[PDB]
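Protein chains in written order, with PDB author numbering: chain A, 3 to 393, 408 to 623, 639 to 1021, 1074 to 1141, 1165 to 1268; chain I, 3 to 148; chain B, 2 to 148. We treat Cβ as the ideally placed atom computed from N, Cα and C, and that holds for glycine. Here is the structure we will look at.
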Ligand SMILES: Nc1ncnc2c1ncn2[C@@H]1O[C@H](COP(=O)(O)OP(=O)(O)O)[C@@H](O)[C@H]1O
Ligand SMILES: [Ca+2]
Ligand SMILES: [Ca+2]
Ligand SMILES: [Ca+2]
Ligand SMILES: [Ca+2]
Ligand SMILES: [Mg+2]
C-alpha cells in the first residue's frame, strides 16, 4: 500500500523493504530480498527510501529524504563507483578505499580544484583544503581541518593529501613546500607501527600547521606531537610490531651500517621478537632484502602486503627524505645509533645472585650486549651496570627489568622529540598571520586488553568529538536561535559527562589516580576502588560485572572499569595504570645518561612523580584552545570493514560510526539548517567600495536584497536573520560567487542590482495602484452585495404583508369562477330548485364577504387558510348535495358528465392540498430539527462553561513526563550504541486484547462484524495504530514537501483543547477569514464530513477547480482522519453541524450512490 | 410580452385588489411598494425608474396594460436566488453558516441605499434572528425567497 | 480562481510596504484613506471601517498584511482582471492617451510620496521601456508586472 522503505538489519545495517503491517510501536516489514522473512521494526528506525537506487548525489543534503539509511545508501552507491568522498553540507565523509584509486591524486587533479567552490567539482579532500584556504584568505582567521575517525579510517593519508594540496597549489616552488610533505614519511617511520586495526598506525597525534604570511603564501610549518605511545617500545603484542624504524633500520642498513650498529636479524632483540618479526615487502623487494637480515620466522611465514608500505623501499624512501629535509649523514647516523642503542638495551637480561641478597647480575650473553650498548649510547660499562643493578640500594629482577625498560622508554621518547624538532627546524618561520592546521590524532581504538595508552587515546577522541559537537551543533543552534530561524532543534548526545569524568579535580579519574600515585604505597586496586567510591552513581563509568561482553565480566570490581565514550564502552583493566602514569625516570638513569660522551645523546636529553595524564590534559587543553581560537573544517573518515579488504563495504560498522560520530544528527540538523552564513554588513561594505553612492542609499539589508537577484537566485535558498544572511545547503557555487572580488564582476553585479532595484521601484507603485483598484472594486462588490441584501429584505417584508392575502384570494377567486360555472348547471337542473338557491346565495355571500374582508384590512396567511379550509368543505357540501339531487333529479346527459368532472377536479384539488401541506410541514419540521441542533451546541457550550474543568496541572506533569521519557530514550540510544560496540568487539575477536492484532484484521473486522463492543475497541485500535503511522509519515517527511491535510487545519489544530448520532458537518479547509494567509496553499474547498459513531465514516472535499474526492471507511483510510469527533471540536464549532440530507445531496451529485457501490464492491 | 395566463390572472387580480382610487388606476407611490408583492425584486433605482417612465406622461397614475408591460420587462431581467445567496455569503466572516446580527445591521443600514431601523427590528424579532444565536443565513434566504 | 500566485503575493508585499509607511506591519483606515484619496478615488470612513471589520481578527482596527491580501480576495470575473489592470493604467495615465510621459510618472510619484529627481523618472521610463520608443505602452506594463 505504498513504496518500499528502509528497515534495521544486523549485517548490512539497513535494508530495503515494504510495509505489511502497522503495529503499536513497530512496522512489520517484509524484506523483499529474503521473501517470507519478517520482523517487527521500531518506529524510530524505519525510514523512507529513495525512488531509484542507482542515483548518487555528491552532496547528501541535496537528497530527497534525509536520514541515516539514505546517507548510508548514498555512500554505498558512490563507493562502488570509485568516488569515496561525499559531502554533508560542509563535512566530508571520506570512506577509505584500501587501494590506490588512480587519476584523482595526480597533479592534474590538484590542478583543477584550485579556487573552485565546493560543489562545482566532484567531492574530494582537496576541495576541503581549498575551502579552508578560501575561508582563510577571505575571513582572515586561521583554520583547522580536524580529521577524525576510528583507528584505521584513513586519517594520515587524508592529512598527507591535504598537505600536498596546500603545498603544491599555494607554494611558490621553493624547498619549503616540498619539505612540508616529505617530512611526513620520516615521522611515519619514527612514530607509527602495526596495530591489529591498522598496518601503518599513527601512535602519535600530530598538528601540522602550515603557516601563511599576510600575502597568503606559505611561509613554513610547525609539527607538534601529543602522546607518543611509549609502552610499545618495550612490550609488544602477539601480532603487533614496534615502531617501523627498528625494522627499516634492520632491513635497510648497508654492509658498513650493519657492522657499525652491530645489527642482526630482528628476532635477536628482546624488544622486538615478542611480537611480529616479519617485514613488509613485495616480491621484488622481498628478494631485495639480504638473507642475513630476515628472521627465521619470516621464512616460516612470509611477508605481509600493504597497498602502500614496503620496509626496504621505505628505508630508501626515507633516506632520500632525510637528504631532502637536510639531515646530513652524521645526523642520520646519530638517529640510527640511538635507535640501535634502544634495540640492544633490551637484550641485557638481569639475573639474580645465588644468595637471596637481592644481587642483580647479568648473564654471559648480555656481556657482549653490555659493551655494544655502552659504545652505542656513549656510556661506560662500569657506570651502566652500577646504574642498572642498584638504584646504591640493590634491586630485584623485576625492578631491574623495569629499570631497563624505563631507560629504553625515556631514550626513545626523547629520540622522537629530537626528530620532531629537527623536522620543525627544516622549515622555520619567525612570524606569520594565519595557519591552516590539519589534526591527525590517533583515533578511537579498543582492544581485548586496554591499558593507559588506549585510555588516553580514547580520551583525546572524546574531547575532539565534544569539540565537533560544540562547533557544528551547539554553536550552530545557538547562532540559529539568535537569528530565530525556527529550525527544528535536533538533540545531540552530549559527551560532556565523560570529559568531566576523566579530567575533573578531586572527582576526576586522572586526578584520583594522581592522588593514588602520591601515596607512599601505590596500588592499582586502591585507585580502582577510589574511582568506584567517588563516582558511585555516575552514568558513564561501569564496573565490569555490569558489562555486556563476557570477557570483561571476569574482571571484578576493584581492578578495572568500563567507560561509555561517544563511540561506545571500552573496558580498561586498571592493571599497571599506576606505573604507566609516571614520568619520573629515577635520578640514577638521568645521571647515567647526562654524562654520556656522545654529543647527540647530550643534545637529546638537554631539552618525583609527574603524571603522564596531567601532562596530557594540559596538552589537550592547549590544543583545544588553539582550535577554539580558530575556525574549523571537518573530515570524517570512515573505515568500511574490519578485515582490511578492498571493495568490501559493511553497513553495520559504517552506520555505527555514523551514529557515534554525530554525523546523523548533523544531517537531521542540515535538513533545514543553513551551512553558509554571512553578515549583512560584510556584504554591504564589501560592495560599497565599488557600488555607487545612489544605490547605497538603500538600507544595508535592502542593498543585500537587490544583490541576490542580480544572480537570479531562488527564494528557497536564503533566509535573512537578525544580523546574518544565510544560504541553504547545496548552494555554494553562488555564495562563493557572491564572495568574488573581481572588479569587472562587481561592476556587472552593480549594474544588474541597479536594474533589479529600479524594477522593484516600478513594481511597488504599479502593484500599489492595482491594490487601490482592487479595494475600490471590493467596495463595489460589497455595495452590490448589500443592495441585493436590501432587495430581498424589502421583498420579504412585502411577502408576509400582502402576498399571504394574494395567495388566499387566488384560492377565493378560483372558488368564485367555480361558482360562476356552477350557476349554469344549477339553472340546468329542474328539481328541488329552492335549496340549491339557498346554497348558492350562501356561497356567494361567503365570496363577497371575504373579498371585502381581504380588500379592507390586512390578514395573515393562516387566517385565510382557515377560511378557505372551511369553504372547501362548503364546496364539498355543494358537490354532495349535487350528487343527491342527481340521485333524485334526472338530467342524465347533462348532470352525469358535469357532476363527474366536478368530482375529478375536486379530487385533483385535494391531491394538491395534501401535497402543499406536506411541503409546508416538512419545511417547518426541518427548522424544528435545526433549531434543536443550534440549541444543542449552545447547551454544550453552557455545560462546558459550567464544568470549569482545569488541566493546567495535567499538562504540568505531562511536560515533566515527556522530559523523563526523552531521558530514557537517550539512555536506550546509549545502550544501543554500547551493544553495537560490544558486537563489533566480538566480531573483531573472531476485556478486548486487540493490542496484539494486526492493522489488517482490524480493517476487515470493522467492515463486517456487528458485535457492538467489537468496534468499540476495534475502531479504537485501528485508529490508534493509524495515529502511529501518521506520526511515522510526519517525522519522515520530504523536506521540500509540506504536511498532509487529511482534515482541515482548523480541525486538527484545535488540539489545544483535549455516541451513535450520525452527526454531519461541513467546514472550509481554509477559513475564508484566512484566505490568502495559508503558506501551504495546498487543499482548498469544502470539507464535508459524516461522523458515524465515535469515529469518521465518510468525507468529501469539493475543490474549487477539481473533481471530487469521496472516501468511506473500511476502504480509503489513509486520507480519512483519525481524530475523534471531540478532538475535532465540531460540537464547539458554530454552524458546522449540518443537515443530514444536505451532505447526502452533494454526495449523490458526485457519484454518491456510485462511489458507495464501488465501496460495496471493494 | 408572452407569459403564462395564470400569472396574468394573478397580476390583474393584485392590480384590482389594491385599487384604492377605484377608477381602474394604481397610484405609483403605493404601486411600486406593493408591486414588490410578487417574488420579483426591484431596487430603489428600478422603482425610481419605473416611476419616471410611468410619470413620463405626467399623470402620476398607471393602468393595467402598462403594469403588465412593467412586470414584463421587470421579470425579463431578474436576479438569481443563487446570486442573492452569493451576496449573503460575501459578508459571512468565517464561512460558519452564521453572520452576527450586528454585522448584518451594520451592512443594511450603513451601506448603499439606507435601510431603516424598523425593518431590522422585523428581522431581529419576527424573522427568527437571534441576537445571541447569529442568523443562519441559508435559513433566512430560503424563507426570504420562498 | 480566487487564490493568487506566490509571485503576486510577493509583489503585493512590496505594495503593502508602500502602505505600511512606518513599517510596523499594521495599518488602520487612516493610511488606506490617505493614499486612496490621494490616488483619485473618494471613499468614506464608513465603508473602510466595514472592510477592516471584515478583515479584523481582533477587531483592533489595524490590518495585518495577510488580512490585506484577504481583503483583496473576491469572486472576480474573468474579464475583470483585464478591466482592473486597464483602470490601473488609466490611473497612471491621467490624460488616457495610452502612453505615460515623464510628467505623469512625476505626478504619480509625488502623490505616493517617494521623493524622486527629474532625471530619476526619465531613467524609470527608459528602464521600463523594452521597445525603447521613449514612453511606455500597455503590454510593456504587463511584461514589467510579471517580469
Ligand atoms: N585516499 C586513499 N587512497 C588509497 N589508500 C588509502 C586512502 N586513504 C587511506 N588509505 C589506506 O589506509 C592505510 C593507512 O591508514 P591510515 O590513514 O594510516 O589510518 P590512520 O590515519 O587511522 O592511522 C594505507 O594502507 C592506505 O592504503
Ligand atoms: Ca501603520
Ligand atoms: Ca490588527
Ligand atoms: Ca499620458
Ligand atoms: Ca514603449
Ligand atoms: Mg594514524
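Close-in-space but distant-in-sequence residues of the same chain around residue i (CB under 8 Å, 5 per side omitted)
i               : result
residue 70(B)   : 5, 10, 13
residue 697(A)  : 90, 91, 93, 488, 489
residue 1156(A) : Coordinates for residue 1156(A) are absent, as chain A skips straight from 1141 to 1165.
Element boundaries [alpha helix (DSSP H), containing residue i]
i               : result
residue 1018(A) : 983 to 1020
residue 877(A)  : 864 to 887
residue 585(A)  : Looking at the DSSP string, residue 585(A) is not in any alpha helix (DSSP H); the run it does join, the beta strand (DSSP E), is 585 to 589.
residue 290(A)  : 285 to 290
residue 565(A)  : Per DSSP, residue 565(A) belongs to no alpha helix (DSSP H) and is neither H nor E.
Heavy atom of ligand 8 within 7 Å of residue i beta-carbon
i             : result
residue 54(B) : Within the structure as shown, ligand 8 is missing, the only ligands being ligand 1, ligand 2, ligand 3, ligand 4, ligand 5 and ligand 6.
Residue interval of the beta strand (DSSP E) (run including residue i)
i               : result
residue 580(A)  : 576 to 580
residue 17(A)   : 16 to 21
residue 476(A)  : Taken as a continuous stretch (DSSP letters only), residue 476(A) belongs to no beta strand (DSSP E), being part of the alpha helix (DSSP H) at 468 to 485.
residue 1246(A) : Looking at the DSSP string, residue 1246(A) is not in any beta strand (DSSP E); the run it does join, the alpha helix (DSSP H), is 1246 to 1254.
residue 352(A)  : 352 to 354
Nearest neighbour of residue i, chosen from the options [CA to CA]
i               : options                           : result
residue 1128(A) : 1089(A), 980(A), 1229(A), 1004(A) : 1229(A)
residue 445(A)  : 549(A), 221(A), 471(A), 607(A)    : 221(A)
residue 929(A)  : 954(A), 859(A), 951(A), 875(A)    : 859(A)
residue 216(A)  : 49(A), 106(A), 448(A), 40(A)      : 448(A)
residue 43(A)   : 52(A), 418(A), 22(A)              : 22(A)
residue 1225(A) : 180(A), 195(A), 331(A), 1215(A)   : 1215(A)
residue 562(A)  : 1010(A), 7(A), 76(A), 1201(A)     : 1010(A)
Contacts around residue i, its chain only, beta-carbon distance under 6 Å, and the 5 residues preceding and following it disregarded
i               : result
residue 103(A)  : 84
residue 199(A)  : 153, 154
residue 867(A)  : 857
residue 206(A)  : 193, 227, 230
residue 1272(A) : The structure shown does not extend to residue 1272(A), since chain A spans only 3 to 1268, so no value can be given for it.
Cβ neighbours of residue i in the same chain (closer than 7 Å, five flanking residues each side left out)
i               : result
residue 129(I)  : 142
residue 1244(A) : 1170, 1171, 1172
residue 749(A)  : 739, 756, 757, 758
residue 303(A)  : 280
Check: Any residues in the stretch 804 to 834 of chain A with a beta carbon nearer than 9 Å to a beta carbon of chain I? Which ones, in chain order?
Finding: 812, 813, 814, 815, 816, 817, 818, 819, 820, 821, 822, 823, 824, 825, 826, 827, 828, 829, 830, 831, 832, 833, 834
Item checked: the stretch 123 to 140 of chain A: positions lying closer than 8 Å to chain I by Cβ -> none
Check: Between the stretch 1243 to 1262 of chain A and the stretch 1199 to 1219 of chain A, do at least 3 Cβ pairs fall closer than 8 Å?
Finding: yes
Next item on the list: Would you check if the stretch 100 to 116 of chain I and the stretch 132 to 148 of chain I touch, i.e. whether three or more CB-CB distances between them fall below 8 Å?
Entry: yes
Notebook entry, point to check: When you check each C-beta in the stretch 29 to 62 of chain B against every C-beta of chain I, which residues fall closer than 8 Å?
Noted result: 47, 48, 51, 54, 55
Check: Three or more C-beta pairs closer than 8 Å, one from the stretch 266 to 276 of chain A and one from the stretch 489 to 501 of chain A: is that the case here?
Finding: no
Next item on the list: Inspect the CB distances between the stretch 645 to 654 of chain A and the stretch 124 to 137 of chain A and report whether three or more fall short of 8 Å.
Entry: no
Notebook entry, point to check: What are the residues of the stretch 103 to 119 of chain I that lie near chain B, defined by any Cβ-Cβ distance shorter than 9 Å?
Noted result: 105, 108, 109, 112, 113
Notebook entry, point to check: Between the stretch 476 to 491 of chain A and the stretch 658 to 666 of chain A, do at least 3 Cβ pairs fall closer than 8 Å?
Noted result: yes
Next item on the list: Examine the Cβ distances between the stretch 681 to 696 of chain A and the stretch 466 to 478 of chain A and report whether three or more of them are shorter than 8 Å.
Entry: no
Check: For the 8 Å Cβ check, are there 3 or more pairs between the stretch 1175 to 1182 of chain A and the stretch 74 to 83 of chain A?
Finding: no
Item checked: Contact between the stretch 418 to 435 of chain A and the stretch 340 to 359 of chain A (3+ Cβ pairs under 8 Å) -> yes
Item checked: Touch test, the stretch 612 to 623 of chain A against the stretch 379 to 390 of chain A, Cβ-Cβ under 8 Å, three pairs minimum -> yes
Next item on the list: Determine contact between the stretch 54 to 67 of chain B and the stretch 34 to 45 of chain B, defined as no fewer than three beta-carbon pairs at a distance below 8 Å.
Entry: no
Next item on the list: Give the residues from the stretch 85 to 98 of chain I that approach chain A closer than 8 Å (Cβ to any Cβ), ordered along the chain.
Entry: 85, 86, 88, 89, 90, 92, 93, 94, 95, 96, 97, 98
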